[PDB]
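Next up: a single chain in structure tokens, the form deposited in one PDB entry.
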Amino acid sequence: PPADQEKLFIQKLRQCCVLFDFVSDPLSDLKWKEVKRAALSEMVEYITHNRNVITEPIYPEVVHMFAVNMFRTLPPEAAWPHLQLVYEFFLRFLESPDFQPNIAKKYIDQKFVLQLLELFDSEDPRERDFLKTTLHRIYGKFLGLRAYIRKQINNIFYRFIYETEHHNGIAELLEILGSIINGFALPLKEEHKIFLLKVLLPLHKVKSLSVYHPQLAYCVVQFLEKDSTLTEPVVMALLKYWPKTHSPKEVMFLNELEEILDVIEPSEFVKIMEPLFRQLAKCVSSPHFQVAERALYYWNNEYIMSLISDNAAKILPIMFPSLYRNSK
């Protein structure tokens, strides 16, 4: 009945929107940073454990407090203790069982998720981890934003492939998409298939592939476990984007290629087995021992030897030409 408990919550949220920086007096600055850090810690534990505290007027105050503190200009950081508490408070706000997306959708709009994506270019890996979790939760709770979030993530990827070729959050964004792909509907819609062929595959061309390669490979494998039909244009694309210059970079392609073979269908294997083992034979005879060791590890794979024993008439003449011939 009395809004004293709700009014104090709104007071402390609005108090955290004061970007004061006292300067001049160092003691007053430390006192201000303390009371803001204390208020944030108080609200974090309050919203996590107390029940029925997220009332309807609380929603616009939380989103405003997050926007005033987080949506800033990225430096080219000593204020991280405050930033981390705001990420934690917002995450506990989204994860609360009392959180109602029907109310927060009025304030978690497209303009909000756009400014949230701009923060993924932060150089701080701790910040990108909080952004990764935050956007993953917004996607899963706001169906009216899922189409927009997928569209804007692609715009960041198209710019990263054909323009700037510089973005520090490529790995975190790909980690989010891996959970969306794992839940894709039965007949993969055309939007998702165009995303695989024209976004995920061209991501192997960028020079900085070594930074987001584990995440990129996971999205490619999950696409083939949903629809095995896409195995042929994926494998042929990796062979196209394969580093013709023998370098340690092609060890990453060998890992992605075995992870694909672990989920490939037999009927889909025979359609690309010849061009694949022709590249694989080039790796087992490569001057770089590190890439030959990784290729020779394919024989240790139990499932891969089964596909070779079933296609020995065509695969063996390619791997060991001095010992096996072929004909009609």
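Heads up, when I say rigid core I mean the largest set of C-alphas that superpose within 1.5 Å between the two forms. In this text, residue numbers run from 1 along the sequence as written.
Note that the form deposited in another entry isn't included here; everything after this is about it.
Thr48 is not among the residues whose C-alpha shifts by 2 Å or more between the shown form and the other one once the rigid core is aligned; its shift stays under 2 Å. Superposition of the core reveals a Cα shift of less than 2 Å for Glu232 between the shown form and the other one. Relative to the superposed rigid core, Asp129 undergoes a CA displacement smaller than 2 Å between the shown form and the other one. In that other deposited form, the Cα-Cα separation between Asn69 and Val23 shrinks by 3 Å or more relative to the displayed conformation.
Relative to the shown form, the CA atoms of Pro26 and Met70 are brought 3 Å or more closer together in that other deposited form.
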